[PDB]
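*Asks:* Structure supplied as protein03.csv; contents: CSV, C-alpha atoms and all ligand atoms.
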chain,number,residue,atom,x,y,z
A,1,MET,CA,0.0,0.0,0.0
A,2,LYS,CA,1.1,3.6,-0.7
A,3,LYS,CA,0.3,7.1,0.7
A,4,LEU,CA,-0.6,9.8,-1.9
A,5,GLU,CA,-0.3,13.5,-0.9
A,6,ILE,CA,-2.2,15.7,-3.6
A,7,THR,CA,-1.7,19.5,-3.1
A,8,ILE,CA,-4.2,21.4,-5.4
A,9,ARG,CA,-6.1,24.6,-6.2
A,10,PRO,CA,-9.2,24.3,-3.8
A,11,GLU,CA,-11.6,24.5,-6.9
A,12,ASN,CA,-10.2,21.1,-8.1
A,13,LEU,CA,-11.2,19.1,-4.9
A,14,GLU,CA,-14.5,17.8,-6.6
A,15,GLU,CA,-12.5,16.4,-9.5
A,16,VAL,CA,-9.9,14.7,-7.2
A,17,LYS,CA,-12.8,13.0,-5.2
A,18,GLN,CA,-14.3,11.8,-8.6
A,19,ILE,CA,-10.8,10.5,-9.9
A,20,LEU,CA,-10.4,8.5,-6.6
A,21,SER,CA,-14.0,7.1,-6.8
A,22,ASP,CA,-13.5,6.2,-10.4
A,23,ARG,CA,-10.5,3.9,-9.3
A,24,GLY,CA,-12.5,2.2,-6.5
A,25,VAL,CA,-10.6,4.2,-3.7
A,26,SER,CA,-12.4,3.8,-0.3
A,27,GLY,CA,-11.7,7.3,1.2
A,28,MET,CA,-9.6,10.4,1.7
A,29,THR,CA,-8.7,13.0,4.4
A,30,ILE,CA,-8.7,16.7,3.4
A,31,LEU,CA,-6.7,19.5,5.1
A,32,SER,CA,-6.8,23.3,4.3
A,33,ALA,CA,-3.4,24.9,3.7
A,34,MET,CA,-1.4,27.9,2.3
A,35,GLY,CA,1.2,27.2,-0.4
A,36,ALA,CA,4.2,29.0,-1.9
A,37,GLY,CA,6.1,28.1,-5.1
A,38,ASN,CA,6.4,29.4,-8.8
A,39,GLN,CA,2.9,31.1,-9.0
A,40,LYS,CA,3.3,35.0,-8.7
A,55,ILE,CA,7.0,35.0,-1.2
A,56,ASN,CA,3.3,35.0,-2.1
A,57,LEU,CA,1.1,32.5,0.0
A,58,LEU,CA,-2.0,31.2,-1.8
A,59,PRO,CA,-4.8,29.0,-0.5
A,60,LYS,CA,-4.5,25.2,-1.2
A,61,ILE,CA,-6.2,21.9,-0.3
A,62,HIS,CA,-3.9,19.0,0.8
A,63,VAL,CA,-5.5,15.6,0.1
A,64,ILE,CA,-4.2,12.4,1.8
A,65,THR,CA,-5.3,9.0,0.5
A,66,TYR,CA,-4.0,5.4,1.2
A,67,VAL,CA,-4.2,3.2,-2.0
A,68,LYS,CA,-3.2,-0.3,-3.3
A,69,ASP,CA,0.2,-0.2,-5.1
A,70,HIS,CA,-1.2,-1.3,-8.6
A,71,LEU,CA,-3.5,1.8,-8.7
A,72,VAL,CA,-0.9,4.6,-8.2
A,73,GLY,CA,0.3,4.8,-11.9
A,74,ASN,CA,-3.3,5.3,-13.3
A,75,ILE,CA,-4.2,7.8,-10.5
A,76,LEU,CA,-1.1,10.0,-11.3
A,77,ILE,CA,-2.0,9.9,-15.1
A,78,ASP,CA,-5.7,10.8,-14.3
A,79,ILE,CA,-4.7,13.8,-12.1
A,80,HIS,CA,-2.4,15.2,-14.8
A,81,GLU,CA,-4.9,14.7,-17.7
A,82,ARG,CA,-7.9,16.1,-15.8
A,83,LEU,CA,-6.5,18.9,-13.6
A,84,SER,CA,-3.7,20.4,-15.8
A,85,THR,CA,-4.7,24.1,-16.9
A,86,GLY,CA,-1.2,24.8,-18.4
A,87,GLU,CA,-1.0,27.7,-15.9
A,88,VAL,CA,1.6,27.8,-13.1
A,89,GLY,CA,0.2,26.7,-9.7
A,90,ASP,CA,-1.7,23.5,-10.6
A,91,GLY,CA,0.1,21.6,-7.7
A,92,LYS,CA,2.0,18.4,-6.9
A,93,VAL,CA,1.4,14.7,-6.2
A,94,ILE,CA,3.9,12.6,-4.1
A,95,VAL,CA,3.9,8.8,-3.4
A,96,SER,CA,5.5,7.4,-0.2
A,97,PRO,CA,5.6,4.0,1.6
A,98,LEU,CA,3.3,2.5,4.1
A,99,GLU,CA,4.6,-0.2,6.5
A,100,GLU,CA,1.3,-1.0,8.3
A,101,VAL,CA,-2.4,0.1,7.9
A,102,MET,CA,-5.1,-0.6,10.6
A,103,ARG,CA,-8.9,-0.1,10.6
A,104,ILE,CA,-9.8,1.2,14.2
A,105,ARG,CA,-13.4,-0.4,14.2
A,106,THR,CA,-12.2,-4.0,13.5
A,107,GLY,CA,-8.5,-4.2,14.2
A,108,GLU,CA,-8.0,-5.5,10.6
A,109,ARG,CA,-4.5,-4.9,9.1
A,110,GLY,CA,-3.1,-4.9,5.5
A,111,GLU,CA,-5.3,-4.4,2.4
A,112,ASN,CA,-8.4,-5.6,4.4
A,113,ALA,CA,-8.1,-2.3,6.4
A,114,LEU,CA,-9.1,-0.3,3.3
A,115,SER,CA,-12.2,-2.5,2.2
A,116,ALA,CA,-15.6,-0.9,1.1
A,117,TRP,CA,-18.1,-1.8,4.0
B,1,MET,CA,11.8,5.5,14.7
B,2,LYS,CA,8.3,5.5,13.0
B,3,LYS,CA,5.6,8.1,12.1
B,4,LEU,CA,2.0,7.2,13.2
B,5,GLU,CA,-0.9,9.0,11.4
B,6,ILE,CA,-4.1,8.5,13.5
B,7,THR,CA,-7.4,9.8,11.8
B,8,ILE,CA,-10.3,9.8,14.3
B,9,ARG,CA,-13.7,11.1,15.3
B,10,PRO,CA,-12.9,14.5,17.1
B,11,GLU,CA,-14.6,13.2,20.4
B,12,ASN,CA,-11.8,10.5,20.6
B,13,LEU,CA,-8.8,13.0,20.8
B,14,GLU,CA,-8.7,12.9,24.7
B,15,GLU,CA,-8.4,9.0,24.6
B,16,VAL,CA,-5.6,9.2,21.9
B,17,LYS,CA,-3.6,11.7,24.1
B,18,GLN,CA,-4.1,9.2,27.1
B,19,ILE,CA,-3.0,6.1,25.1
B,20,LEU,CA,0.2,7.9,23.9
B,21,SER,CA,1.0,9.2,27.5
B,22,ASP,CA,0.4,5.6,28.9
B,23,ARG,CA,3.3,4.4,26.5
B,24,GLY,CA,5.7,7.2,27.5
B,25,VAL,CA,5.2,9.1,24.2
B,26,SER,CA,6.8,12.6,24.4
B,27,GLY,CA,4.4,14.6,22.1
B,28,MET,CA,2.0,14.9,19.2
B,29,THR,CA,0.9,17.4,16.5
B,30,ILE,CA,-3.0,17.7,15.9
B,31,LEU,CA,-4.6,19.0,12.6
B,32,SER,CA,-8.3,19.6,11.9
B,33,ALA,CA,-9.6,17.8,8.8
B,34,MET,CA,-12.7,16.6,6.8
B,35,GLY,CA,-12.9,12.9,5.8
B,36,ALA,CA,-14.9,10.8,3.4
B,37,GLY,CA,-15.2,6.9,3.4
B,38,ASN,CA,-17.8,4.2,4.2
B,39,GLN,CA,-19.8,6.3,6.8
B,40,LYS,CA,-23.2,7.6,5.2
B,55,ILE,CA,-19.6,11.7,-1.1
B,56,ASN,CA,-20.4,12.9,2.5
B,57,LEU,CA,-17.6,14.9,4.2
B,58,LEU,CA,-17.5,14.6,8.1
B,59,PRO,CA,-15.2,16.4,10.6
B,60,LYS,CA,-12.1,14.6,11.7
B,61,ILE,CA,-8.9,15.1,13.7
B,62,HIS,CA,-5.6,14.0,12.1
B,63,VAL,CA,-2.9,13.2,14.9
B,64,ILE,CA,0.8,12.8,13.9
B,65,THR,CA,3.3,11.3,16.4
B,66,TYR,CA,6.9,10.1,16.1
B,67,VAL,CA,7.6,7.0,18.3
B,68,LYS,CA,10.3,4.4,18.9
B,69,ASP,CA,9.9,1.2,16.8
B,70,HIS,CA,9.3,-1.2,19.7
B,71,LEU,CA,6.1,0.8,20.9
B,72,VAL,CA,4.2,0.7,17.6
B,73,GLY,CA,2.5,-2.8,18.0
B,74,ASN,CA,1.2,-2.0,21.5
B,75,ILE,CA,-0.1,1.5,20.5
B,76,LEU,CA,-2.0,-0.1,17.5
B,77,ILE,CA,-3.6,-2.7,19.9
B,78,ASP,CA,-4.5,0.0,22.4
B,79,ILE,CA,-6.2,2.3,19.8
B,80,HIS,CA,-8.4,-0.6,18.4
B,81,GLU,CA,-9.3,-1.9,22.0
B,82,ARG,CA,-10.2,1.6,23.4
B,83,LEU,CA,-11.7,3.5,20.4
B,84,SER,CA,-13.6,0.8,18.5
B,85,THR,CA,-17.5,1.6,18.7
B,86,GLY,CA,-18.3,-1.2,16.2
B,87,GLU,CA,-20.0,1.7,14.1
B,88,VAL,CA,-18.6,2.6,10.6
B,89,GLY,CA,-16.4,5.7,10.7
B,90,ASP,CA,-14.0,5.0,13.8
B,91,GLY,CA,-11.0,5.8,11.5
B,92,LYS,CA,-7.5,4.6,10.5
B,93,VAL,CA,-3.9,4.3,11.8
B,94,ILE,CA,-0.9,4.1,9.4
B,95,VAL,CA,2.8,3.5,10.2
B,96,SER,CA,5.5,4.9,7.9
B,97,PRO,CA,9.4,5.2,8.1
B,98,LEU,CA,11.5,8.0,9.4
B,99,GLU,CA,15.1,8.4,8.1
B,100,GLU,CA,16.2,11.3,10.5
B,101,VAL,CA,14.7,13.1,13.5
B,102,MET,CA,16.1,16.4,14.9
B,103,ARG,CA,15.2,18.5,18.0
B,104,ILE,CA,15.4,22.2,16.9
B,105,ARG,CA,16.4,23.6,20.4
B,106,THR,CA,19.5,21.3,20.8
B,107,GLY,CA,20.4,20.0,17.3
B,108,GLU,CA,20.2,16.4,18.8
B,109,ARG,CA,19.4,13.6,16.2
B,110,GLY,CA,18.1,10.0,16.5
B,111,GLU,CA,16.1,8.8,19.6
B,112,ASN,CA,17.7,11.5,21.7
B,113,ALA,CA,15.6,14.1,19.7
B,114,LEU,CA,12.3,12.6,21.3
B,115,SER,CA,13.6,12.6,25.0
B,116,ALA,CA,11.3,13.9,27.9
B,117,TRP,CA,13.1,17.2,29.1
C,1,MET,CA,14.1,13.3,-3.1
C,2,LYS,CA,13.0,13.6,0.5
C,3,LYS,CA,10.0,15.0,2.4
C,4,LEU,CA,10.8,17.4,5.4
C,5,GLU,CA,8.1,18.0,8.1
C,6,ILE,CA,9.1,21.1,10.2
C,7,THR,CA,6.9,21.7,13.2
C,8,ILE,CA,7.6,25.2,14.7
C,9,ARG,CA,6.5,28.2,16.8
C,10,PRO,CA,4.3,30.2,14.4
C,11,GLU,CA,6.5,33.4,14.9
C,12,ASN,CA,9.4,31.4,13.2
C,13,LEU,CA,7.6,30.8,9.8
C,14,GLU,CA,9.3,33.8,8.1
C,15,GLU,CA,12.8,32.4,9.0
C,16,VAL,CA,11.8,28.9,7.7
C,17,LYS,CA,10.7,30.4,4.4
C,18,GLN,CA,14.1,32.4,4.2
C,19,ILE,CA,16.2,29.2,5.0
C,20,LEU,CA,14.4,27.2,2.2
C,21,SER,CA,14.8,30.1,-0.3
C,22,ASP,CA,18.5,30.4,0.7
C,23,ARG,CA,19.0,26.7,-0.4
C,24,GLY,CA,17.2,27.2,-3.8
C,25,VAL,CA,14.0,25.3,-2.5
C,26,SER,CA,11.1,25.8,-5.0
C,27,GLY,CA,8.1,25.7,-2.6
C,28,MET,CA,6.4,24.7,0.6
C,29,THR,CA,2.9,23.8,2.0
C,30,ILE,CA,1.9,25.3,5.4
C,31,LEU,CA,-0.8,23.8,7.8
C,32,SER,CA,-2.0,25.3,11.1
C,33,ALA,CA,-1.8,22.9,14.1
C,34,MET,CA,-1.9,22.4,17.9
C,35,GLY,CA,1.0,20.6,19.6
C,36,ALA,CA,1.8,18.9,22.9
C,37,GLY,CA,5.2,17.9,24.3
C,38,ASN,CA,7.7,19.1,27.0
C,39,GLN,CA,6.7,22.8,27.1
C,40,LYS,CA,4.5,23.6,30.2
C,55,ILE,CA,-1.5,18.0,28.6
C,56,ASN,CA,-1.1,21.7,27.5
C,57,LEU,CA,-2.0,22.3,23.7
C,58,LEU,CA,-0.1,25.2,22.1
C,59,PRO,CA,-0.4,26.7,18.6
C,60,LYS,CA,2.0,25.5,16.0
C,61,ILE,CA,2.8,25.7,12.2
C,62,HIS,CA,3.5,22.4,10.4
C,63,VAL,CA,5.6,23.0,7.2
C,64,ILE,CA,5.9,20.3,4.4
C,65,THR,CA,8.6,20.7,1.7
C,66,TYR,CA,10.0,18.3,-0.9
C,67,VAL,CA,13.8,18.7,-1.5
C,68,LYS,CA,16.7,17.1,-3.3
C,69,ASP,CA,18.6,14.6,-1.1
C,70,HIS,CA,22.0,16.5,-1.1
C,71,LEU,CA,20.3,19.6,0.5
C,72,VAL,CA,18.8,17.9,3.6
C,73,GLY,CA,22.0,18.0,5.9
C,74,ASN,CA,22.5,21.8,5.3
C,75,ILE,CA,18.8,22.6,5.8
C,76,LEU,CA,18.8,20.7,9.2
C,77,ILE,CA,22.0,22.6,10.4
C,78,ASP,CA,20.4,25.9,9.2
C,79,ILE,CA,17.1,25.3,11.1
C,80,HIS,CA,19.0,24.4,14.4
C,81,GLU,CA,21.4,27.4,14.1
C,82,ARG,CA,18.8,30.1,13.3
C,83,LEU,CA,15.6,28.9,15.2
C,84,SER,CA,17.1,27.6,18.5
C,85,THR,CA,16.1,29.9,21.5
C,86,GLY,CA,17.4,27.4,24.1
C,87,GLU,CA,13.8,27.4,25.6
C,88,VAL,CA,11.7,24.2,25.5
C,89,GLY,CA,9.2,24.1,22.6
C,90,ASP,CA,11.3,25.2,19.6
C,91,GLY,CA,10.0,22.1,17.7
C,92,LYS,CA,11.1,19.2,15.5
C,93,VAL,CA,12.3,18.3,11.9
C,94,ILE,CA,11.8,14.8,10.4
C,95,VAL,CA,13.1,13.4,7.1
C,96,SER,CA,11.1,10.7,5.2
C,97,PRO,CA,11.4,9.0,1.8
C,98,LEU,CA,9.7,9.9,-1.5
C,99,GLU,CA,9.1,7.1,-4.1
C,100,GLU,CA,7.6,9.4,-6.9
C,101,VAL,CA,7.0,13.1,-7.4
C,102,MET,CA,4.8,14.6,-10.1
C,103,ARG,CA,4.0,18.2,-11.3
C,104,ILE,CA,0.3,18.4,-12.1
C,105,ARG,CA,0.6,21.1,-14.8
C,106,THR,CA,3.2,19.2,-17.0
C,107,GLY,CA,3.0,15.5,-15.9
C,108,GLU,CA,6.9,15.7,-15.3
C,109,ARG,CA,8.3,13.2,-12.7
C,110,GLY,CA,11.4,12.9,-10.6
C,111,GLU,CA,13.6,16.0,-9.9
C,112,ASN,CA,12.2,17.9,-13.0
C,113,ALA,CA,8.8,18.1,-11.0
C,114,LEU,CA,10.4,20.5,-8.5
C,115,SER,CA,12.1,22.9,-11.1
C,116,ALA,CA,11.9,26.8,-10.7
C,117,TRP,CA,9.6,27.9,-13.7
D,201,LIG,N1,9.0,21.9,-3.1
D,201,LIG,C1,7.7,21.9,-2.7
D,201,LIG,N2,7.4,21.2,-1.6
D,201,LIG,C2,6.1,21.2,-1.2
D,201,LIG,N3,5.0,21.8,-1.8
D,201,LIG,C3,5.4,22.4,-2.9
D,201,LIG,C4,6.7,22.5,-3.4
D,201,LIG,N4,6.6,23.3,-4.6
D,201,LIG,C5,5.3,23.6,-4.7
D,201,LIG,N5,4.5,23.1,-3.7
D,201,LIG,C6,3.1,23.2,-3.5
D,201,LIG,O1,2.4,23.2,-4.8
D,201,LIG,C7,1.8,24.5,-5.0
D,201,LIG,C8,1.9,25.0,-6.5
D,201,LIG,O2,3.3,25.0,-6.8
D,201,LIG,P1,3.9,26.1,-7.9
D,201,LIG,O3,5.4,26.1,-8.0
D,201,LIG,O4,3.3,27.5,-7.8
D,201,LIG,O5,3.3,25.5,-9.3
D,201,LIG,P2,3.9,24.5,-10.5
D,201,LIG,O6,4.1,23.3,-9.9
D,201,LIG,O7,2.7,24.6,-11.5
D,201,LIG,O8,5.2,25.2,-11.0
D,201,LIG,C9,2.4,25.5,-4.0
D,201,LIG,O9,1.6,26.6,-3.7
D,201,LIG,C10,2.7,24.5,-2.8
D,201,LIG,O10,1.5,24.3,-2.1
D,202,LIG,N1,-8.3,5.2,1.8
D,202,LIG,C1,-8.3,6.2,2.8
D,202,LIG,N2,-7.3,7.0,2.8
D,202,LIG,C2,-7.2,8.0,3.7
D,202,LIG,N3,-8.1,8.2,4.7
D,202,LIG,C3,-9.1,7.3,4.7
D,202,LIG,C4,-9.3,6.3,3.8
D,202,LIG,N4,-10.5,5.6,4.1
D,202,LIG,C5,-11.0,6.3,5.1
D,202,LIG,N5,-10.2,7.3,5.6
D,202,LIG,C6,-10.4,8.2,6.7
D,202,LIG,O1,-11.0,7.5,7.8
D,202,LIG,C7,-12.3,8.1,8.1
D,202,LIG,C8,-13.3,7.0,8.4
D,202,LIG,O2,-13.4,6.0,7.4
D,202,LIG,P1,-14.7,5.1,7.0
D,202,LIG,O3,-14.5,4.4,5.7
D,202,LIG,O4,-15.9,6.0,7.1
D,202,LIG,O5,-14.7,4.1,8.3
D,202,LIG,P2,-14.3,2.6,8.5
D,202,LIG,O6,-12.9,2.6,8.5
D,202,LIG,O7,-15.0,2.4,9.9
D,202,LIG,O8,-15.0,1.7,7.4
D,202,LIG,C9,-12.7,8.9,6.8
D,202,LIG,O9,-13.7,9.8,7.1
D,202,LIG,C10,-11.3,9.4,6.4
D,202,LIG,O10,-10.9,10.5,7.2
D,203,LIG,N1,6.9,12.8,19.6
D,203,LIG,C1,6.4,13.8,18.9
D,203,LIG,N2,5.7,13.6,17.8
D,203,LIG,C2,5.2,14.6,17.0
D,203,LIG,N3,5.3,15.9,17.3
D,203,LIG,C3,6.0,16.1,18.4
D,203,LIG,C4,6.6,15.2,19.3
D,203,LIG,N4,7.2,15.8,20.4
D,203,LIG,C5,7.0,17.1,20.2
D,203,LIG,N5,6.3,17.4,19.0
D,203,LIG,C6,5.9,18.7,18.4
D,203,LIG,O1,6.9,19.6,18.7
D,203,LIG,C7,6.4,20.7,19.6
D,203,LIG,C8,7.4,21.1,20.6
D,203,LIG,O2,7.9,20.0,21.4
D,203,LIG,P1,8.4,20.1,22.9
D,203,LIG,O3,8.6,18.7,23.5
D,203,LIG,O4,7.5,21.0,23.7
D,203,LIG,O5,9.8,20.9,22.7
D,203,LIG,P2,11.3,20.4,22.7
D,203,LIG,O6,11.5,19.6,21.5
D,203,LIG,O7,12.0,21.8,22.8
D,203,LIG,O8,11.6,19.5,24.0
D,203,LIG,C9,5.1,20.1,20.2
D,203,LIG,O9,4.2,21.1,20.6
D,203,LIG,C10,4.6,19.2,19.0
D,203,LIG,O10,4.0,20.0,18.1
Please re-express this file's structure in structure tokens.
*Replies:*
Amino acid sequence: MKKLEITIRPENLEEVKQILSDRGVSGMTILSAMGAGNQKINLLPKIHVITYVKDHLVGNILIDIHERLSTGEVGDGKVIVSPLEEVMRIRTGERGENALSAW
Amino acid sequence: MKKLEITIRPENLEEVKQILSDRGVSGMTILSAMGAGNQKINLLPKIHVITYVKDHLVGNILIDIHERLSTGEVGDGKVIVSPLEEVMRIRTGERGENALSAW
Amino acid sequence: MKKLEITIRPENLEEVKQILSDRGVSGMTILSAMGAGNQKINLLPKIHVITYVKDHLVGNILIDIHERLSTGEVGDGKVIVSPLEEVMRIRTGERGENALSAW
């Protein structure tokens, strides 16, 4: 399993929720943020989306996010992929890929 | 050392602080969030807790969180475990497990 | 590439932005938080800064943060370093170190 961190323009949150639903993804945690980078130190409002996903889905999610969110204007955002050693569902104590099931 | 990310119902924050104190954990950083998943895309309020811990404590913290927070109702939340390559205390410049000491 | 998580007193955010600019770092995402630890469970306001950086810069950024932010008073904060498997720029679809370029 992998962690995705998706940092976007807030207006693009609906489209990120749809991309993850369209790949069977079970859930997501959304944080408000301020970001700085190339867009013109100017801070701008951002949404930071965290989702845990099965390893075979990551490549298609990254392609989907570029194809559907790109505006060709500076500031569209970033996606990173990082490793997960253990995942647990609090309600059941289930570990591994069972912890992300649709139920 | 490992990073835990604990995503919970906000009413359960007091019990997460007590579980970490009961395992000698030095600290925690708390973020407000909105989450989507199985509970009935409906966004619901969540707390996202980050804590850095010694590797031998992770198994007992995961057991404690399942045993004390489970309600057997959908939406109790998730815990993940991920790797840490370096940890530094800003005040002293100390690295490694010394950076998390109680002082 | 590596992820840094920098958890600080809010008054120190200007100095963290300057340290990252002084090492050529392209950007940063800023989250408001509450933290608990050694400082006197008392919750205190914090800023949580996430930045993605090239591996050869991490050692000098950690030294800079200790030298410029240390007050020798408990509560100055923490820096962690964690691994990144993939980085993508949404606007272009570019991966790897190209995804963090100044443009
Ligand atoms: N090195 C970085 N680390 C973390 N977040 C970054 C980094 N660079 C950019 N970001 C985030 O992505 C947002 C957009 O980045 P920006 O450089 O303006 O756009 P682009 O990626 O289109 O060149 C920023 O406002 C910030 O939230
Ligand atoms: N795949 C996921 N990635 C990240 N956060 C998730 C994921 N699935 C669920 N969550 C988080 O956990 C919360 C509860 O999940 P939910 O599916 O409703 O409960 P359960 O785990 O009891 O089936 C969500 O509101 C969200 O914050
Ligand atoms: N184990 C920990 N995991 C995550 N964040 C931590 C941890 N310990 C401390 N912190 C964060 O760093 C802040 C300052 O830590 P504190 O223990 O008061 O200072 P010091 O590091 O100077 O002893 C906390 O308020 C919290 O945000």
*Asks:* Given all atoms listed in the file as the basis, pick out the residue of A:57, A:28, A:113, A:104 nearest to ligand LIG 201 (chain D).
*Replies:*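 With all atoms listed in the file as the atom set, the closest residue is A:57.
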*Asks:* For atom CA of residue 100 of chain B and atom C7 of ligand LIG 202 (chain D), determine how far apart the two atoms are, in Å to one decimal place.
*Replies:* 28.8 Å
*Asks:* For the reference chain A, what are the coordinates of chain C after least-squares fitting (all Cα, in-order pairing), as a JSON list (two decimals) with C-alpha atoms, in the frame of the given file?
*Replies:*
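So the final result, stored in superposed_15.json, reads:
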[["chain", "number", "residue", "atom", "x", "y", "z"],
["C", 1, "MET", "CA", 0.00, 0.04, -0.02],
["C", 2, "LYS", "CA", 1.09, 3.60, -0.66],
["C", 3, "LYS", "CA", 0.27, 7.06, 0.72],
["C", 4, "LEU", "CA", -0.58, 9.83, -1.93],
["C", 5, "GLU", "CA", -0.32, 13.55, -0.91],
["C", 6, "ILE", "CA", -2.15, 15.71, -3.56],
["C", 7, "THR", "CA", -1.71, 19.42, -3.09],
["C", 8, "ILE", "CA", -4.18, 21.36, -5.35],
["C", 9, "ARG", "CA", -6.16, 24.53, -6.16],
["C", 10, "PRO", "CA", -9.20, 24.30, -3.86],
["C", 11, "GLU", "CA", -11.65, 24.59, -6.90],
["C", 12, "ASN", "CA", -10.21, 21.15, -8.10],
["C", 13, "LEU", "CA", -11.26, 19.11, -4.96],
["C", 14, "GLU", "CA", -14.49, 17.80, -6.59],
["C", 15, "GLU", "CA", -12.46, 16.36, -9.56],
["C", 16, "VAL", "CA", -9.94, 14.73, -7.13],
["C", 17, "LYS", "CA", -12.77, 13.06, -5.25],
["C", 18, "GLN", "CA", -14.29, 11.82, -8.68],
["C", 19, "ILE", "CA", -10.83, 10.44, -9.88],
["C", 20, "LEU", "CA", -10.37, 8.45, -6.57],
["C", 21, "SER", "CA", -13.98, 7.11, -6.73],
["C", 22, "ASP", "CA", -13.43, 6.17, -10.42],
["C", 23, "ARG", "CA", -10.47, 3.90, -9.30],
["C", 24, "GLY", "CA", -12.52, 2.19, -6.48],
["C", 25, "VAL", "CA", -10.62, 4.26, -3.71],
["C", 26, "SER", "CA", -12.42, 3.83, -0.32],
["C", 27, "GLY", "CA", -11.68, 7.24, 1.29],
["C", 28, "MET", "CA", -9.65, 10.37, 1.71],
["C", 29, "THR", "CA", -8.65, 12.98, 4.40],
["C", 30, "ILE", "CA", -8.72, 16.69, 3.40],
["C", 31, "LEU", "CA", -6.68, 19.52, 5.16],
["C", 32, "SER", "CA", -6.81, 23.26, 4.38],
["C", 33, "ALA", "CA", -3.39, 24.85, 3.66],
["C", 34, "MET", "CA", -1.39, 27.83, 2.31],
["C", 35, "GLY", "CA", 1.26, 27.21, -0.36],
["C", 36, "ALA", "CA", 4.24, 28.97, -1.93],
["C", 37, "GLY", "CA", 6.10, 28.11, -5.14],
["C", 38, "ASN", "CA", 6.40, 29.42, -8.77],
["C", 39, "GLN", "CA", 2.98, 31.13, -9.04],
["C", 40, "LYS", "CA", 3.28, 34.99, -8.68],
["C", 55, "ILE", "CA", 7.03, 34.96, -1.20],
["C", 56, "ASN", "CA", 3.27, 35.01, -2.18],
["C", 57, "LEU", "CA", 1.07, 32.56, 0.00],
["C", 58, "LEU", "CA", -2.00, 31.20, -1.82],
["C", 59, "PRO", "CA", -4.83, 28.97, -0.54],
["C", 60, "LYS", "CA", -4.54, 25.30, -1.17],
["C", 61, "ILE", "CA", -6.19, 21.88, -0.33],
["C", 62, "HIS", "CA", -3.87, 19.06, 0.79],
["C", 63, "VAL", "CA", -5.49, 15.60, 0.14],
["C", 64, "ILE", "CA", -4.16, 12.35, 1.85],
["C", 65, "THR", "CA", -5.33, 8.94, 0.53],
["C", 66, "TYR", "CA", -4.07, 5.40, 1.12],
["C", 67, "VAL", "CA", -4.26, 3.14, -2.01],
["C", 68, "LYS", "CA", -3.23, -0.25, -3.29],
["C", 69, "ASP", "CA", 0.15, -0.18, -5.10],
["C", 70, "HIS", "CA", -1.20, -1.29, -8.58],
["C", 71, "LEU", "CA", -3.53, 1.80, -8.70],
["C", 72, "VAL", "CA", -0.89, 4.54, -8.20],
["C", 73, "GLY", "CA", 0.32, 4.84, -11.94],
["C", 74, "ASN", "CA", -3.31, 5.27, -13.24],
["C", 75, "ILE", "CA", -4.24, 7.77, -10.51],
["C", 76, "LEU", "CA", -1.13, 9.94, -11.36],
["C", 77, "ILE", "CA", -2.00, 9.90, -15.18],
["C", 78, "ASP", "CA", -5.66, 10.74, -14.27],
["C", 79, "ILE", "CA", -4.70, 13.74, -12.05],
["C", 80, "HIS", "CA", -2.32, 15.19, -14.79],
["C", 81, "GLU", "CA", -4.89, 14.68, -17.61],
["C", 82, "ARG", "CA", -7.95, 16.15, -15.84],
["C", 83, "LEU", "CA", -6.44, 18.92, -13.53],
["C", 84, "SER", "CA", -3.74, 20.45, -15.81],
["C", 85, "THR", "CA", -4.71, 24.08, -16.88],
["C", 86, "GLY", "CA", -1.23, 24.78, -18.35],
["C", 87, "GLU", "CA", -1.01, 27.79, -15.88],
["C", 88, "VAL", "CA", 1.61, 27.77, -13.09],
["C", 89, "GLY", "CA", 0.23, 26.64, -9.70],
["C", 90, "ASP", "CA", -1.76, 23.49, -10.58],
["C", 91, "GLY", "CA", 0.12, 21.65, -7.75],
["C", 92, "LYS", "CA", 1.96, 18.43, -6.93],
["C", 93, "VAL", "CA", 1.43, 14.63, -6.19],
["C", 94, "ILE", "CA", 3.93, 12.59, -4.11],
["C", 95, "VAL", "CA", 3.99, 8.84, -3.44],
["C", 96, "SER", "CA", 5.43, 7.47, -0.13],
["C", 97, "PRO", "CA", 5.61, 4.04, 1.53],
["C", 98, "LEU", "CA", 3.25, 2.49, 4.10],
["C", 99, "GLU", "CA", 4.65, -0.18, 6.53],
["C", 100, "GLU", "CA", 1.26, -1.00, 8.31],
["C", 101, "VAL", "CA", -2.37, 0.03, 7.94],
["C", 102, "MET", "CA", -5.07, -0.60, 10.52],
["C", 103, "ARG", "CA", -8.91, -0.08, 10.65],
["C", 104, "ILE", "CA", -9.83, 1.18, 14.10],
["C", 105, "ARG", "CA", -13.35, -0.33, 14.18],
["C", 106, "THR", "CA", -12.25, -3.99, 13.42],
["C", 107, "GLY", "CA", -8.47, -4.14, 14.22],
["C", 108, "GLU", "CA", -7.97, -5.53, 10.56],
["C", 109, "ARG", "CA", -4.49, -4.89, 9.01],
["C", 110, "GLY", "CA", -3.01, -4.82, 5.55],
["C", 111, "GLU", "CA", -5.29, -4.40, 2.46],
["C", 112, "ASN", "CA", -8.43, -5.63, 4.39],
["C", 113, "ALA", "CA", -8.17, -2.25, 6.42],
["C", 114, "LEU", "CA", -9.14, -0.29, 3.30],
["C", 115, "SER", "CA", -12.19, -2.51, 2.22],
["C", 116, "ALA", "CA", -15.58, -0.89, 1.07],
["C", 117, "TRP", "CA", -18.06, -1.84, 3.98]]
*Asks:* Which residues, protein or nucleic acid, reach to within 6 Å of (21.8, 26.4, 2.4) in the file's coordinates when using all atoms listed in the file, and can you give that as number ranges by chain?
*Replies:* C: 22-23, 74-75
*Asks:* For atom CA of residue 31 of chain B and atom CA of residue 102 of chain C, quote the distance in Å rounded to one decimal.
*Replies:*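 Distance between the two atoms: 25.0 Å.
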